[PDB]
Amino acid sequence: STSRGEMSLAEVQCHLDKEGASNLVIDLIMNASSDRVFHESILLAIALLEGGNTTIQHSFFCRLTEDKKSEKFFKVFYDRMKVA
Amino acid sequence: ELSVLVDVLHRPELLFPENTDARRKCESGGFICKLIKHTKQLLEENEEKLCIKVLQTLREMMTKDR
Amino acid sequence: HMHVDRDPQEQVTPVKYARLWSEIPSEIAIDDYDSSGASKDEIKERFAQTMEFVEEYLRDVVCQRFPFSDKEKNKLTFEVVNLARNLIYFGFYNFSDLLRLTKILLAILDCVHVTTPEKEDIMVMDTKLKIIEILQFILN
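Chains as they are written, first to last, in PDB author numbering: chain A, 1784 to 1867; chain B, 1622 to 1687; chain C, 787 to 902, 960 to 983.
As structure tokens, this is what we get:
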């Protein structure tokens, strides 16, 4: 028929989640060295999580729980807020 | 032009001939997976502009009126 | 290594900025900006046969159905494309010639597309990486 990729916002977010864009953004935040990279990672995560997608929140929680490296992930936010 | 690039990234499997190996690989969504996998290790070699462009395009993939 | 990497040949930039405004730059047709080489031709004519040999060899590789199947021909292809890259970056090619070579390389890759665990040859990937510098130079 029309052969149109309707791809509503929720299914687009879940689709990009399956490949692991969540891991991409969390790792970019983890090993960020420039302000612009961290800012773009934050914006990407905001756009990805918009709408309260439960799958993406579950993926974040699962990786943060299974990964022992999350201490620097929280430190990156803590020191940014402290500097502010 | 940026919108054209994003639209291509939604469905890049159409650019290949049907029933070929490239097209079966791309039809399964492996292109975006490979792209993000390369982007993951990309930050070490100090390519800030290229990683920024990749992230901005991935973010703009989440927009309406496409 | 004997002739190409020798004096007085040296690297040339493809994008210029200190363009003197008082100069001509007339309508200059379309594909004749890369001209007025009154001094480069004296070096050019002796490698003219080499360059046309490179072009005809790449066209022959285009004619071959599978360009990256023979292991022993891969060495010749790799060093030929390396020589072509070094010739280009030293300023030995014109604009139309660069377009012809670009079409040849794209035809090679398109034939590879038509052809399309599995430990591919590392030097095949090296050959594929080699032409990317040529593409960057022609875009500039």
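Heads up, the beta-carbon is just placed ideally off N, CA and C, and yes, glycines get one too.
Buried/exposed call for residue i, threshold 16 Cβ in 10 Å
i          : result
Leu-1827/A : buried
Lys-973/C  : buried
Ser-1816/A : exposed
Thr-970/C  : buried
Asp-1800/A : buried
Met-1682/B : buried
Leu-1811/A : buried
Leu-1664/B : buried
Proximal residues to residue i (C-beta, below 7 Å), its chain only, five neighbours per side dropped
i          : result
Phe-980/C  : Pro-800, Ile-874, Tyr-875
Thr-901/C  : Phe-852
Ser-1842/A : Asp-1800, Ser-1805
Cα-Cα separation, residue i to residue j
i          : j          : result
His-1822/A : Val-1625/B : 25 Å
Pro-960/C  : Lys-1646/B : 16 Å
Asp-1818/A : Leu-892/C  : 39 Å
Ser-821/C  : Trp-807/C  : 19 Å
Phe-878/C  : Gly-1803/A : 46 Å
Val-1795/A : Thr-1660/B : 20 Å
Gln-795/C  : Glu-831/C  : 14 Å
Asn-860/C  : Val-898/C  : 14 Å
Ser-1824/A : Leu-1676/B : 7 Å
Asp-846/C  : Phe-839/C  : 10 Å
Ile-1829/A : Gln-850/C  : 51 Å
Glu-828/C  : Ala-834/C  : 11 Å
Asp-964/C  : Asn-983/C  : 30 Å
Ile-975/C  : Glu-1666/B : 19 Å
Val-790/C  : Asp-856/C  : 28 Å
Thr-1684/B : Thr-1678/B : 10 Å
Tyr-843/C  : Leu-869/C  : 12 Å
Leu-1656/B : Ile-816/C  : 38 Å
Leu-884/C  : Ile-890/C  : 10 Å
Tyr-1861/A : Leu-1847/A : 16 Å
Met-1864/A : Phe-1856/A : 13 Å
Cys-1654/B : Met-968/C  : 21 Å
Beta-carbon proximity list for residue i, same chain, < 8 Å, skipping 5 on both sides
i          : result
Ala-1643/B : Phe-1637
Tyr-819/C  : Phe-881
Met-1790/A : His-1798
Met-966/C  : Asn-860, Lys-861, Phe-864
CB of residue i within 9 Å of CB of residue j, strictly
i          : j          : result
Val-867/C  : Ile-977/C  : yes
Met-1813/A : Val-1866/A : no
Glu-1833/A : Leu-1792/A : yes
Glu-841/C  : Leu-887/C  : yes
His-1631/B : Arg-1687/B : yes
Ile-894/C  : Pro-853/C  : yes
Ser-1853/A : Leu-1831/A : no
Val-1808/A : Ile-1673/B : no
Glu-1669/B : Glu-1648/B : no
Closer than 8 Å: residue i CB and nearest the ligand NAP heavy atom
i          : result
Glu-1849/A : With respect to the ligand NAP, the structure offers nothing, as it holds no ligand at all.
Sequence-distant residues of the same chain with beta carbon closer than 6 Å to residue i, five excluded per side
i          : result
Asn-1836/A : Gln-1796
Within 9 Å of chain B by C-beta, residues of the stretch 961 to 973 of chain C in sequence order: none
Residues, ordered as in the chain, of the stretch 1789 to 1802 of chain A that lie near chain B by beta-carbon distance below 9 Å: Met-1790, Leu-1792, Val-1795, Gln-1796, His-1798, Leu-1799, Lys-1801, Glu-1802
The stretch 1805 to 1827 of chain A: positions lying closer than 7 Å to chain B by Cβ: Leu-1807, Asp-1810, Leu-1811, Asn-1814, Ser-1817, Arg-1819, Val-1820, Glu-1823, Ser-1824, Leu-1826, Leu-1827
Contacting positions in the stretch 1636 to 1657 of chain B - beta carbon closer than 7 Å to chain C: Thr-1641, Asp-1642, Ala-1643
Residues from the stretch 1827 to 1855 of chain A in contact with chain B, defined by Cβ distance under 9 Å: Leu-1827, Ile-1829, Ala-1830, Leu-1831, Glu-1833
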